[PDB]
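See below for the structure under consideration.
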Amino acid sequence: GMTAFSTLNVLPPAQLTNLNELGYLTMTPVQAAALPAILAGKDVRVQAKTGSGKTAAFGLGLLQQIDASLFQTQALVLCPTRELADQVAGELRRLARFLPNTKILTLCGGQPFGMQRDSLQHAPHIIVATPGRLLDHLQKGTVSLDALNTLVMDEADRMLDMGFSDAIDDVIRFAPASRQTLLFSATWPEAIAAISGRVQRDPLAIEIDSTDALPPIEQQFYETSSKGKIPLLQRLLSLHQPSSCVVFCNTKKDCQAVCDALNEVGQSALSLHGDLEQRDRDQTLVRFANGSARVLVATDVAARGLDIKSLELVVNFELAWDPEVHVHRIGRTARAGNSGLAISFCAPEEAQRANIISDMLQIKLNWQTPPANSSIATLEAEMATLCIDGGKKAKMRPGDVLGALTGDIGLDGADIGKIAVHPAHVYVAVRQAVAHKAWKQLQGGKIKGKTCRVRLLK
Amino acid sequence: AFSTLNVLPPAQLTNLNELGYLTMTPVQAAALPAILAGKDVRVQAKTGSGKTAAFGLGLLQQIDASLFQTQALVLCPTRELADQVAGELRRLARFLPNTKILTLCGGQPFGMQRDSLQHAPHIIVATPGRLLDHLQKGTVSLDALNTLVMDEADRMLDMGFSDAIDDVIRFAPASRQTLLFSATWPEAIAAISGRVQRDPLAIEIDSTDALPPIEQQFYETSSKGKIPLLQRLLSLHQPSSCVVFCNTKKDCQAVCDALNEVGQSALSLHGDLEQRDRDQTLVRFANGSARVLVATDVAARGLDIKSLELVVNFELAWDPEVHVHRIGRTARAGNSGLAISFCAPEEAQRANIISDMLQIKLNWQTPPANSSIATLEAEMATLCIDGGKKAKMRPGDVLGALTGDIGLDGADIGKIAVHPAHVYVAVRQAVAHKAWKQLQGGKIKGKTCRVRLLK
RNA sequence: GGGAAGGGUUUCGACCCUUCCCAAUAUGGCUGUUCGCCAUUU
RNA sequence: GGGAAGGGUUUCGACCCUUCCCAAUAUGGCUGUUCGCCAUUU
Ligand SMILES: Nc1ncnc2c1ncn2[C@@H]1O[C@H](COP(=O)(O)OP(=O)(O)O)[C@@H](O)[C@H]1O
Ligand SMILES: Nc1ncnc2c1ncn2[C@@H]1O[C@H](COP(=O)(O)OP(=O)(O)O)[C@@H](O)[C@H]1O
Ligand code: BEF
Ligand code: BEF
Ligand SMILES: [Mg+2]
Ligand SMILES: [Mg+2]
């Protein structure tokens, strides 16, 4: 049943070694079924489950035709959100370790335009982007989509909907028709699939898992009202006591209100919506990833594509407008063979929305009884996050950040979480008790023989 | 008088009085009204009669100090002439605050040009080589060009610069004003001149043989005896400023080496030296750090050296226009000058072509039966202080630093020239090393600067 | 560029504009006895 | 790019290229116990 990456017999041995080191020991169904047709040059439209590895699936076929000696853009990837753009760019950077000096650049809003322009002079090999800033660079004349080879659209059903299709049509004009086009998504409405064929030539359709074929996700539904949702959420949080929970809302107002309620209650919760600053969005995502926050209250911005390692619980505070969005947001848990729980709240006005979800997945809604009134148990964050002014621009790697952590300041390697290396900064998770001591001792410390400013993400 | 035509702003009229431009020269008074009216002009005038200011004054009335896009372009045959014209234009544009005038020419690194070119300058003085490179790489956008000036157009329009000038015009919009200035105009080039102009008005102030008060003497000598004759004549005239022109670069360097071997303090300017060396040599010779400057035809056009005493045609130029240009380096701005020319038996042809062009009988001189060879010591040396415009070095800064803080008074300090990356200052030879070694501290505008004796 | 402060669009994304504050060996302008003063930009 | 040493074109200009230093949160690539390796460009 298993299929190794060498069965494609077209990847270089360096790429096989890289995949073996990165932990890609066996191909997932999407990769095994789509890669040979992709790297043969076919325009492809691929559907797969949530968390089955479509990102690396198109990234391998993207990298296979990248001339590193050219130093010109020959691969473009389009994402619907900025955080997913960063994540896809990072996964592609890790995959592109068999090609030295492979410059991949991220173009999305929030970031400074001048820095992107100054970095865009040394033309990058691959560009992961959102249509907004990419359309700006194409109009001002900084991105050259001329020697372009592959154009990938991740979560393509969202990129071709009524909202993004106009910006996408504006973008594809700067791209040549003599290109390969890959359209990857987890859900494909037939009304969207019919229109999809306007950016591909004789596309190969690859539906791998059926519409109701989902990863191991147990679902529970609680019947409640609009006012009773917040106390019910607090009760369910104090009942299960999870470590990784994402609460999805339908508006930014509801999102921020639920976050404030869970915080005043005493349960560790951060907020991720489109009204905060992009710095706040990036740092909130980082903090929630490294366990500096128990709950992440987020709108549909964090519903597609995001890969939060070992997410335990998803809570539909309000059912999404479309059932595809429901599938995407419950797919945040049970990623890469894992399992998970997705509990959805249902007010009287949304009982119909839960029925299309029932008919689309062929599942019987496991309506659960709400818990009894109890005093709420607080959910504390296991650790905190330190932000160090450094990043890739300052040539800082996880090895030296960990070295400075267990070197002169004298801490323990077991009290250190994930070290994320961002372009301008580097974030490091440190257990709650040791966090403040580490921050105080690092302000007067030296990393790579240089004193660096550090801030405890309070 | 500059009170006429009622086009110049009141600030510029007061500015001209500050810079010493009291009266209008013939070329200026006859050309400016047609220039700042929008007409394309082709002007011929005396060497050293003010053509630079003539085209620069019209090249500043039609500039928008608010629009930070390019608006003018001047083309020169050499890099030093480009620097000179840029400095002249900056000195004129003191009435328009925050007026950026850039210099695009070879020898300079591409990086400073690329970085300073993102903030588009109002005027660009350039050589066709680097300007074309910037136009191809897409760093200069001539779409908003109002006026295009070509100084010494007969050299810019000959067969050597024909393809380059055409490729540069290719990037320029046709709807533009065009000014073509020169001292000499060969009729064959004047016929073709109309290809970059719209119904051009020809303004020939001075005739082709109407020269400034330059006295010319011709000496009969063999090829071997040229260098001894030069060493004897330099000792005999004992000049303060002398420029010796040669026909090849190796002849130039050899003549310079011989003049140094007889201890007559000569510097060299030719196309095989580093551009840093060329610029520093021109600076040193200008401020009086050398008595003799041996140069090829690179220094034959445009260069304005204040009160040049003597010109020496070691070899007669291949073309008569080049001869007129290289002898016009003396007797500028109403002064007089002397131009001695050696004529070997192999050069009698060109001496007649010259005599036909100027319509004068050649004064063939007889040297003394024998004269010794005296030395020629330079009156002062030059110090190069790092900084320039990066540190926003001002002449007042260098002057106030050299006085008191080191010891020497203002009488021992010569010409101060502020360049982009450095600043050069002339100091008497006696107080030269004392100044250098007391300047090693670094009391130069609160920032210690590396100073060096150019030697 | 880095901090603040707002609007516009807005189911959600992706976006579109406004004001101060400092940083800049980011660029330029200023009288020939210096250590400074103004204008654009990142 | 800051310093150098040259070659080619070579009537003269305007130009083209190479070798050694040096150093750049200039543009990126590289090992979860830090003070580094190398690919461009300036
Ligand atoms: N072949 C594989 N073996 C093991 N892990 C994989 C493999 N492919 C992908 N992964 C990991 O599983 C997760 C899949 O994330 P993702 O690619 O976004 O799934 P999808 O794109 O389908 O939503 C990532 O953490 C990825 O690194
Ligand atoms: N109206 C004027 N009055 C006095 N001096 C002038 C005037 N115009 C120009 N000059 C000076 O006389 C010299 C002429 O330089 P230049 O204009 O290049 O002569 P030309 O262009 O004819 O070869 C320069 O030093 C210039 O500053
Ligand atoms: F389908 Be996964 F969320 F990229
Ligand atoms: F035309 Be002049 F000699 F600069
Ligand atoms: Mg994905
Ligand atoms: Mg002139």
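Identifiers for the structure tokens are assigned positionally: chains receive A, B, ... in sequence, residues are indexed from 1 per chain, and ligands are indexed from 1 in the order shown.
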For this session: Produce as JSON, numbers by chain the set of residues near ligand 4, where near means within 7 Å with only C-alpha atoms (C1' of nucleotides) and all ligand atoms considered.
Result: {"B": [47, 48, 51, 52, 151, 152, 182, 183, 301, 302, 303, 304, 325, 328, 329]}
Exercise. Mind listing the residues within 10 Å of ligand 2, only C-alpha atoms (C1' of nucleotides) and all ligand atoms counted, as a PyMOL selection string?
Worked result: chain B and resi 1-2+16-17+19-29+44-56+81+84-85+88+91-92+151-152+181-183+301-307+325+328-329+332-335
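The nearest approach to chain A among the residues D:5, D:15, D:30, D:21, with only C-alpha atoms (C1' of nucleotides) taken into account, belongs to D:30.
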For this session: With only C-alpha atoms (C1' of nucleotides) and all ligand atoms counted, collect every polymer residue having an atom within 8 Å of ligand 3; state the result as number ranges by chain.
Result: A: 48-55, 154-155, 185-186, 303-307, 328, 331-332
Put those residues in a file: N, CA, C and O atoms, as a short mmCIF file (atom, residue, chain, number, x, y, z; two decimals), in the first residue's frame.
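Generated file (result-v5.cif):
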```cif
data_model
loop_
_atom_site.label_atom_id
_atom_site.label_comp_id
_atom_site.auth_asym_id
_atom_site.auth_seq_id
_atom_site.Cartn_x
_atom_site.Cartn_y
_atom_site.Cartn_z
N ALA A 48 -7.95 16.61 -2.23
CA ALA A 48 -7.52 15.63 -1.24
C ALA A 48 -8.10 16.03 0.11
O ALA A 48 -8.73 17.08 0.25
N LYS A 49 -7.87 15.18 1.11
CA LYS A 49 -8.35 15.46 2.46
C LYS A 49 -7.60 16.64 3.07
O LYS A 49 -6.64 17.17 2.50
N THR A 50 -8.05 17.05 4.25
CA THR A 50 -7.39 18.12 4.99
C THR A 50 -6.24 17.54 5.79
O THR A 50 -6.45 16.66 6.63
N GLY A 51 -5.03 18.03 5.54
CA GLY A 51 -3.86 17.55 6.24
C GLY A 51 -3.20 16.33 5.64
O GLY A 51 -2.50 15.61 6.37
N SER A 52 -3.39 16.08 4.35
CA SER A 52 -2.76 14.95 3.68
C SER A 52 -1.48 15.33 2.95
O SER A 52 -0.86 14.47 2.32
N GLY A 53 -1.08 16.60 3.00
CA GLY A 53 0.19 17.01 2.43
C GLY A 53 0.12 17.44 0.98
O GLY A 53 0.95 17.02 0.16
N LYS A 54 -0.86 18.27 0.64
CA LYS A 54 -0.91 18.82 -0.71
C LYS A 54 0.17 19.87 -0.93
O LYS A 54 0.65 20.04 -2.07
N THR A 55 0.58 20.57 0.13
CA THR A 55 1.60 21.60 0.01
C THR A 55 2.89 21.03 -0.57
O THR A 55 3.36 21.48 -1.62
N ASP A 154 -3.18 27.52 -4.24
CA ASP A 154 -3.49 26.72 -3.06
C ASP A 154 -4.84 27.16 -2.50
O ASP A 154 -5.14 28.36 -2.45
N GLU A 155 -5.63 26.19 -2.07
CA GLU A 155 -7.04 26.41 -1.73
C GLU A 155 -7.74 27.12 -2.90
O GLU A 155 -8.31 28.20 -2.76
N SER A 185 -6.93 21.98 -3.91
CA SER A 185 -7.90 22.34 -2.88
C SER A 185 -8.40 21.08 -2.19
O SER A 185 -8.26 19.97 -2.71
N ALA A 186 -8.98 21.27 -1.01
CA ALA A 186 -9.59 20.17 -0.28
C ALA A 186 -11.06 20.00 -0.60
O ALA A 186 -11.59 18.88 -0.51
N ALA A 303 -9.01 29.43 8.85
CA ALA A 303 -9.83 28.26 8.58
C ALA A 303 -9.26 27.35 7.51
O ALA A 303 -9.52 26.14 7.55
N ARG A 304 -8.48 27.88 6.57
CA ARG A 304 -7.94 27.10 5.47
C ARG A 304 -6.42 26.98 5.59
O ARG A 304 -5.74 27.95 5.96
N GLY A 305 -5.90 25.80 5.28
CA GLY A 305 -4.48 25.63 5.02
C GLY A 305 -3.56 25.58 6.22
O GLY A 305 -2.55 24.87 6.19
N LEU A 306 -3.89 26.32 7.29
CA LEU A 306 -2.99 26.41 8.43
C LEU A 306 -2.76 25.04 9.05
O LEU A 306 -3.70 24.26 9.25
N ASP A 307 -1.49 24.74 9.35
CA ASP A 307 -1.06 23.45 9.89
C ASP A 307 -0.50 23.67 11.29
O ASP A 307 0.70 23.91 11.46
N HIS A 328 -13.16 22.84 6.03
CA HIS A 328 -11.81 23.39 6.14
C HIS A 328 -11.46 23.74 7.58
O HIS A 328 -10.35 23.46 8.04
N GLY A 331 -10.96 20.74 9.65
CA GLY A 331 -9.74 20.08 9.25
C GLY A 331 -8.48 20.60 9.91
O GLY A 331 -7.40 20.05 9.67
N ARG A 332 -8.59 21.64 10.74
CA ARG A 332 -7.42 22.15 11.44
C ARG A 332 -6.87 21.14 12.44
O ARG A 332 -5.66 21.13 12.71
#
```
Exercise. So, counting only C-alpha atoms and all ligand atoms, which residue among A:249, A:386, A:127, A:327 is closest to ligand 1?
Worked result: A:327
Exercise. Which residues, written as a PyMOL selection string, have at least one atom at most 6 Å from stretch 354-370 of chain B, with only C-alpha atoms (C1' of nucleotides) counted and residues fewer than 2 positions away on the same chain left out?
Worked result: chain B and resi 209+217-219+320+351-352
For this session: Determine which residues of chain A sit within 12 Å of chain B, taking into account only C-alpha atoms, and present them as a PyMOL selection string.
Result: chain A and resi 118+121+141-142
Create the file for the chosen residues now, containing C-alpha atoms and written as a compact mmCIF listing (two decimals), in the first residue's frame.
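Writing done, so here's result.txt:
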```
# COMPACT_ATOMS: atom_id res chain seq x y z
CA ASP A 118 14.71 46.22 -2.19
CA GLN A 121 16.03 43.44 -7.12
CA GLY A 141 7.04 46.68 -12.27
CA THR A 142 9.09 44.71 -9.76
```
Exercise. Quick one: which residues from chain A are at most 6 Å off chain D, using only C-alpha atoms (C1' of nucleotides), as a ChimeraX atom specification?
Worked result: /A:100-101,103,122,393-394,398-400,402-404,406,447-449
Expected file: the selected residues, N, CA, C and O atoms, as a compact mmCIF listing (two decimals), in the first residue's frame:
```
# COMPACT_ATOMS: atom_id res chain seq x y z
N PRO A 100 21.08 24.44 -3.59
CA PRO A 100 21.67 25.58 -2.88
C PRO A 100 21.35 26.90 -3.56
O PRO A 100 21.22 26.98 -4.78
N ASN A 101 21.21 27.94 -2.73
CA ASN A 101 20.93 29.30 -3.19
C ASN A 101 19.62 29.37 -3.98
O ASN A 101 19.56 29.91 -5.08
N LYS A 103 16.33 31.10 -3.79
CA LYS A 103 15.67 32.23 -3.14
C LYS A 103 14.17 32.15 -3.39
O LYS A 103 13.71 32.27 -4.53
N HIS A 122 17.34 41.48 -6.50
CA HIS A 122 17.86 40.14 -6.72
C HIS A 122 16.68 39.21 -6.94
O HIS A 122 16.14 38.65 -5.97
N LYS A 393 17.81 38.00 8.66
CA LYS A 393 18.68 39.11 8.29
C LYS A 393 19.90 39.20 9.20
O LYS A 393 20.96 39.67 8.77
N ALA A 394 19.78 38.76 10.45
CA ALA A 394 20.88 38.78 11.40
C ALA A 394 21.62 37.45 11.49
O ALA A 394 22.44 37.28 12.39
N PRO A 398 18.37 28.26 14.79
CA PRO A 398 17.93 27.63 16.05
C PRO A 398 19.08 27.06 16.87
O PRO A 398 18.96 26.97 18.10
N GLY A 399 20.18 26.68 16.23
CA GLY A 399 21.29 26.10 16.97
C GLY A 399 21.97 27.10 17.90
O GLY A 399 22.31 26.77 19.04
N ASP A 400 22.17 28.33 17.43
CA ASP A 400 22.82 29.34 18.26
C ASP A 400 21.85 29.99 19.24
O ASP A 400 22.27 30.41 20.33
N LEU A 402 19.45 28.27 20.69
CA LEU A 402 19.47 27.25 21.73
C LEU A 402 20.81 27.22 22.45
O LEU A 402 20.87 26.93 23.65
N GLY A 403 21.90 27.51 21.73
CA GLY A 403 23.21 27.55 22.37
C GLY A 403 23.32 28.67 23.39
O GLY A 403 23.80 28.47 24.51
N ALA A 404 22.87 29.87 23.01
CA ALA A 404 22.85 30.99 23.94
C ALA A 404 21.87 30.76 25.08
O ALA A 404 21.99 31.42 26.12
N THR A 406 21.27 27.63 26.57
CA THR A 406 21.89 26.68 27.48
C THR A 406 23.40 26.89 27.58
O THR A 406 24.14 25.96 27.91
N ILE A 447 24.31 36.87 22.00
CA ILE A 447 24.04 35.81 21.04
C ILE A 447 24.95 36.04 19.84
O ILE A 447 24.88 37.11 19.20
N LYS A 448 25.79 35.06 19.53
CA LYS A 448 26.79 35.17 18.46
C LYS A 448 27.72 36.36 18.70
O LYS A 448 28.07 37.09 17.77
N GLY A 449 28.11 36.56 19.95
CA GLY A 449 29.01 37.65 20.29
C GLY A 449 28.43 39.03 20.19
O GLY A 449 29.18 40.01 20.17
```
For this session: Using DSSP on the backbone coordinates, identify the residues of stretch 105-332 of chain B assigned to helix (DSSP H, G or I); present them as number ranges by chain.
Result: B: 110-117, 128-137, 142-144, 153-156, 162-170, 187-196, 226-237, 249-261, 275-287, 297-299, 320-327
Exercise. Got a sec: who's within 7 Å of residue A:299, counting only C-alpha atoms (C1' of nucleotides), leaving out chain neighbours fewer than 6 positions off, as a ChimeraX atom specification?
Worked result: /A:248-252,255,272-273
Exercise. Could you write out as a VMD selection string the residues of chain B within 9 Å of chain C, counting only C-alpha atoms (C1' of nucleotides)?
Worked result: chain B and resid 68 94 96 to 101 115 to 119 121 390 to 391 393 to 404 410 416 443 to 447
